[PDB]
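What follows is one structure encoded as structure tokens, with my remarks underneath.
One-based numbering, in listed order, for ligands and for the atoms of each. To find a chain, count down the sequence lines: A is the first, B the second, and so on, and within it residues start at 1. Values below: every heavy atom of this structure, side chains too, minus hydrogens, waters and symmetry copies.
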Amino acid sequence: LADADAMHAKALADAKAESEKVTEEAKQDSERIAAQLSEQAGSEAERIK
Amino acid sequence: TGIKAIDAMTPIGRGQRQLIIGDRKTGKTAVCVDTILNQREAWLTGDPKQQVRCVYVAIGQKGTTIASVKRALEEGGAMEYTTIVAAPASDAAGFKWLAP
Amino acid sequence: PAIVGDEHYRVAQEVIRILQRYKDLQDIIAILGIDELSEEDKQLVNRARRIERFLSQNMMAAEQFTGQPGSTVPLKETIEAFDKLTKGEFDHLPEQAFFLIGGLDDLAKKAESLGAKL
Amino acid sequence: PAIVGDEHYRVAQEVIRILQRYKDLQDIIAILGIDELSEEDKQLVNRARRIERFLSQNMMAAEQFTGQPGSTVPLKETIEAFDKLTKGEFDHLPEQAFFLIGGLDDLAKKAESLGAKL
Amino acid sequence: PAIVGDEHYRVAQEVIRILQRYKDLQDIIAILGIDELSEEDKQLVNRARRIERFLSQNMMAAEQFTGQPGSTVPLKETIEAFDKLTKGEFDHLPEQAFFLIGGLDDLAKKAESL
Amino acid sequence: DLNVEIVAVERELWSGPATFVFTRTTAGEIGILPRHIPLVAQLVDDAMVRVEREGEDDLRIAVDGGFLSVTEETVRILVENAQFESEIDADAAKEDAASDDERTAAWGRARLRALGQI
Amino acid sequence: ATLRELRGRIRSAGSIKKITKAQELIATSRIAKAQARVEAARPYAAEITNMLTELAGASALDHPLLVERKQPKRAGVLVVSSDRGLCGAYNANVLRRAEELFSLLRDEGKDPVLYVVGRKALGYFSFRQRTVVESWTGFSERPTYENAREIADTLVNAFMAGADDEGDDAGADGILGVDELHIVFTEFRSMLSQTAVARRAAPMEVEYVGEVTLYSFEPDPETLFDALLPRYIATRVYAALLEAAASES
Amino acid sequence: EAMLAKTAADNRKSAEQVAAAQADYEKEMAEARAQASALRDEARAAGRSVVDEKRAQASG
Amino acid sequence: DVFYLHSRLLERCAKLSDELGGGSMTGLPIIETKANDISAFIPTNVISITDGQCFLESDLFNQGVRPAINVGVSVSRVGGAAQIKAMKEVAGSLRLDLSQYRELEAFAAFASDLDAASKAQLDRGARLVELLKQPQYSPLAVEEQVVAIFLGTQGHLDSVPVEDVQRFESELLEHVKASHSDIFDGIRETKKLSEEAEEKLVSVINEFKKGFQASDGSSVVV
Amino acid sequence: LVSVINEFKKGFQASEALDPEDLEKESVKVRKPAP
Amino acid sequence: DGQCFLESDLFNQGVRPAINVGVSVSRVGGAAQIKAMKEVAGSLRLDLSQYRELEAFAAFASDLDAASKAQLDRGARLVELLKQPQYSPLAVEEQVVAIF
Ligand SMILES: Nc1ncnc2c1ncn2[C@@H]1O[C@H](COP(=O)(O)OP(=O)(O)OP(=O)(O)O)[C@@H](O)[C@H]1O
Ligand SMILES: [Mg+2]
């Protein structure tokens, strides 16, 4: 029982760690996508002009 | 051609004659225009052994369809290396016969 | 009806209707046999097979080909026989009993010869 | 998608795909019946029948023929209604409710008249 | 038989029959697998696979692709070899041994090499 | 050692050597050992069968529609249905038990007895 | 226009070809499964038959299910058919066998009582206007022992209710039972041959075989025999159902 | 008797708690990945709105 | 002499020898059939003249198969000689995979009745059919095509739902080009998929699968 | 008209066999000889 | 201004006059009818077209729904109603009552 409770706590700690890691990576990917799309839109505006 | 189906199942080599055959509104012009557009990177390479110059012969199409095709080529920057020979529907049978 | 009478006309129309329904069902039947048809359609198809066989006849001029003397059926007997046949009164007889015969008496004799009883 | 928009194009393509699949299944339904289709195919057939009925409309110029006044459906309402259809949101209504009507309000009225309710 | 003789005709007909039956069983094999097949069906399938692979040959024009030289099987040798194959006198040998060989001598050598 | 065989109406459930076979016939609890005399009894409506093997734990089974047949060679137990200890769940063993239906209650009691909590 | 019609018909025929070939292969697999089920059922049937033989030997052959009712007038006929209809002449063969059985029963002076398994026979008798006392459906392809046990319970109860029936009145039972039980079903002799057969299940008759430590029965042979014979009837009904499923596939 | 009953219920509790912890971990993983996907989709949608208003402005 | 018309037109498309500069002209004639009757006079002539044919069909188009190329009848007599080595490797199995898929599609609803091999073939065929779909005006570079076909034919789409394949493909291609463009470089410059590049691509695919989310929400990992 | 229709509707009047041996007999085997 | 398509198939199967409702049409329509007939027969042609469609589609539906059965029964009754022998004219009022 002690082992199971400790393992559950450690698993939840890893759960947090990885959740924050993946959320940070998602934010970085969102920023990259936004920048890329804005650059493409600028090129399209140049073409339209 | 840049089209996965063609480039994988029926690849086209330089000097080949690949017929595109189908009923109306099946995407034949779409496939050909996609090929011409795909030649854009090869053109930008600048090396004549990689560059592909494109000729698009339009026979019997209404002028606005040819204008649409030219617009599509402009959007993709393909007209820098593409020539259009147009014999629209209003042209004499002589031009339609000679354009190719 | 004005010329051949109401009974003759009615029997003829019923025979034609049954045969037309059989023709329409031909499409399904060619692929699947008669086992996929509704009970009404199965009954109608058996009746139609018997009718179409009974429309055949041993002709006077056919003897030279088969050695079988021909038969002549009076119009009243023909109307009565096809009335009964459309009513389903001969559904129990085998199909071959109706093939190349004359009137109802010939049908009875042939059905007897085949083991069936009218 | 470039002109009419993502939703319009998506709904149109889904409608066309469903109708094409129904066209393919028509012959099987005609011969072997609908019971022999897979569950998803039966669901698609019901959806496609409702869709083909709903593409029907009472036109003003047709009032002289049907004796029924015409209707006008805004494009957004059309897109929403066919998006609901392609998702099966109206599978509980009788297909007759979709015949020669306008928008979803007319559909609700006709379903009420036929004993259904959306 | 009037042109090529009765032995050739019989052997060819038996080969055709075996291959046709195997082709009939091909759809079952593809869909439900070879497990559903009967024991006689499995035996026939193995025999037919060996026959259809012994119809292959190392051709003269194939040397430039696969360095091995081609073979020329005499007609009588082919007739007797396929008669034996149909009768079931080689079904124990592995399938790979029947790829691209000539007559019975080559079959024996390739079987030994395996 | 004697060969036990738990065989259902549809599929034989188990067969193999054992050293002792306990069950509850309508007469009363019965224990079978290798050379027991030939016997034919009916298991109680909520019977349970416990097979004691060598080197393995007792195998406990809940039986519905039981019939025991001991022969000089082997022991056989016939079940309309049967469930092993592993394949039995306490909850449904409880709701199923104490129900109005006689067969349902008997099946529940047999499952409980096989579980051990009785 | 004619060529367009012909091309459409060709497309239709090709689709039908594909569907029928797929169904034929699926039927092959289903035949394998049904045969497996029949083989799996065999041992219980054989061994319970042996036990019933022992009990009958060591008991008084006076069970109501074994005694023939004098001047019988009703017969409980169970016609086993299929739910699905793409089985060729399977239902037609079963129903012809049932009709011939009905004619034989009428000649013997018994009015048949109809029980149906499968929807196709239901439709057949609905068109024929022959009332069905009770019918089961939905398990023709893969019947379980529960379905067979329910059918056997119904048939055996009807047979018991027929003991006190005289003329047409139900007697003290309050139910007009039947004096005989028959099962019409397709035996699966082999892949090529599947024959419709009618077999009487009650009242089981006795045939004695000349000769081969006796057995001990708890509590006594009579109670065991009484409790086992209905189980035998259920076992036979289940075996017939599995045979019908295999022959249908 | 109480010690035996404890031992039993405690073993059962650990056996279900290991599985419950694994399930909760998987659930939070799935929730976080869903949130990341929603972030990506919202970024793409905002970019599409930006390019669409750019198209409208350029057309005008 | 209408056949002569088209034949003399199309024989001027050629690959010249090195003595004449080695230039070439590739022809893409388009033919409109009526009711998909490829045995009409002019379709027959042009089919006879050309080296290969891409047959486009309205039924495939309406099914969502776009471009609507009927890969069953479409042929290229030049074939593998016109492909780069990488595409030749990844595209080797496509023909048989799709043919088996079309054979098995009649058993779509009966995957229980199919042995494991046949059900796997059916699923792979559906994945590949989705893979060959392409939006209009979106040519793919040869390296991107190689990576996408690799995804399809190496079982990396098996864990993905069918309806998601396209998006997955596209997203993954955008991922690589953004972070692992060395794979595309290697493929383009060498025109083959090296062992190290293949291993790196597999690892990238698995990590992306970790990051990917299906439309139904279920994970695509393993 | 509808009333007339309903009144009229009230008035309207709308118009071989098996060989007993072929029937196989289930039986219980008795190891003992005949009686 | 429209046509009446007579078919031998319908004639043989008892539908007399053998008018194929699905393809027969009048281009004048309600203007060519009196108000009562227009009132009681506005959707008759479309109703019978849809009935024939359903009848063909439901030729093997082992389990139809209530609405489909209602439509089939109504259509069969209408088809019987439209049958008419030769030399048996109806005055317009009688036709109105029958279609009612
Ligand atoms: N890959 C594709 N994805 C989606 N839509 C496509 C695709 N290819 C073509 N289309 C659309 O299909 C329609 C037909 O395309 P296109 O005009 O190129 O075909 P076509 O056979 O040359 O036609 P036509 O007979 O009019 O000359 C157009 O709407 C085009 O946008
Ligand atoms: Mg075009």
Side-chain angles (χ1 to χ4, degrees), chain B residues 1-10 18-38 54-76 78 82 84-89 96 99-100, chain D residues 1-17 19-20, chain I residues 27-38 40 42-43 46 53-71 74 129-140 144-145 148 165-167 169-170:
Chain B
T1 66
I3 297 169
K4 300 189 283 291
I6 293 159
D7 284 350
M9 314 283 318
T10 58
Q18 188 74 13
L19 172 62
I20 311 301
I21 176 156
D23 274 29
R24 62 171 299 267
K25 294 296 196 251
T26 47
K28 319 189 278 296
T29 301
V31 160
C32 292
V33 167
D34 278 23
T35 305
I36 291 167
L37 291 164
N38 193 51
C54 294
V55 183
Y56 180 83
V57 190
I59 307 98
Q61 307 176 15
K62 69 164 168 44
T64 45
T65 298
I66 297 153
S68 279
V69 162
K70 197 199 169 185
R71 177 66 52 70
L73 295 178
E74 293 293 328
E75 294 294 328
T82 305
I84 300 175
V85 179
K96 292 184 218 168
Chain D
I3 296 89
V4 288
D6 285 342
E7 261 302 289
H8 187 167
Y9 182 77
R10 192 188 59 70
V11 174
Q13 294 329 288
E14 181 58 9
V15 162
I16 283 148
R17 187 193 63 71
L19 291 179
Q20 180 68 39
Chain I
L28 279 188
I30 290 164
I31 292 284
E32 183 178 1
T33 58
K34 301 167 155 201
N36 204 18
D37 182 15
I38 58 154
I42 300 296
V46 179
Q53 296 87 42
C54 293
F55 295 91
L56 279 58
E57 280 167 24
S58 292
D59 304 75
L60 292 177
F61 195 98
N62 291 338
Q63 285 165 29
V65 176
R66 284 158 198 169
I69 294 149
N70 182 356
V71 304
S74 295
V129 162
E130 293 293 319
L131 179 79
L132 294 187
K133 293 181 177 177
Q134 216 164 320
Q136 202 188 357
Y137 297 128
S138 316
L140 287 181
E144 300 180 308
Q145 294 186 74
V165 160
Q166 277 195 94
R167 177 162 63 81
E169 182 210 315
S170 85

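- Atom numbering of ligand 1 starts at 1 in the shown order; those under 4.0 Å from a heavy atom of B:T26 are 19 (O), 20 (P), 21 (O).
- At a heavy-atom distance under 4.0 Å, only backbone atoms of B:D23 (N, CA, C or O) approach ligand 1.
- Considering only non-hydrogen protein atoms, atom 24 (P) of ligand 1 sits nearest to B:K25 N, 3.6 Å.
- Residue-level proximity to ligand 1 for D:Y9 is carried by the side chain, the only part with a heavy atom below 4.0 angstrom.
- Contact of the I:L60 side chain with the I:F55 side chain is not registered, since no non-hydrogen atoms from C-beta on lie closer than 4.5 Å.
- No side-chain heavy atom of I:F61 sits less than 4.5 Å from a side-chain heavy atom of I:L56.
- Under a 3.5 Å cut-off, the side chain of B:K96 and the backbone N or O of B:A89 do form a donor-acceptor pair.
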Apply salt bridge (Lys or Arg N to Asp or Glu O under 4.0 Å) to the pair D:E14 and D:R17, showing each step before the final yes or no. CA-CA 5 Å; D:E14 181 58 9; D:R17 187 193 63 71; 2.6 Å; yes
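- Of all the listed residues (I:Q136, I:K133, I:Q134), I:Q136 holds the heavy atom that lies closest to atom 31 (O) of ligand 1.
- For atom 19 (O) of ligand 1, the closest non-hydrogen atom on the protein side is B:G27 N, 3.0 Å.
- Around the Mg ion (ligand 2), the protein N, O or S atoms found under 2.8 Å comprise B:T29 OG1.
- Residues passing the salt bridge (charged side-chain N to carboxylate O under 4.0 Å, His left out) test with B:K4, sequence neighbours excluded: I:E169.
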B:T1 vs B:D7, side-chain hydrogen bond (donor to acceptor under 3.5 Å, both in side chains): CA-CA, chis, key distance, verdict: CA-CA 6 Å; B:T1 66; B:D7 284 350; 2.9 Å; yes
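- The closest side-chain heavy-atom distance from I:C54 to B:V31 is not below 4.5 Å.
- Given atom 11 (C) of ligand 1, the protein heavy atom at minimum distance is I:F61 CZ, 3.8 Å.
- At the top of the distance list for atom 9 (C) of ligand 1, counting protein heavy atoms only, stands B:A30 CB, 3.5 Å.
- Side-chain contact between B:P100 and B:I59 is present, with heavy atoms from C-beta onward closer than 4.5 Å.
- Side-chain atoms of I:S58 and B:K25, non-hydrogen and from C-beta on, never get closer than 4.5 Å to each other.
- Using a 4.5 Å cut-off on side-chain heavy atoms (C-beta onward), I:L132 and I:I69 make no contact.
- Within 4.0 Å of atom 28 (C) of ligand 1, not a single protein heavy atom is present.
- Of all the heavy atoms in B:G63 and B:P88, the pair that sits closest is N-CB, 4.3 Å.
- Close approach of ligand 1 to B:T29 (heavy-atom distance below 4.0 Å) involves ligand atoms 18 (O), 22 (O).
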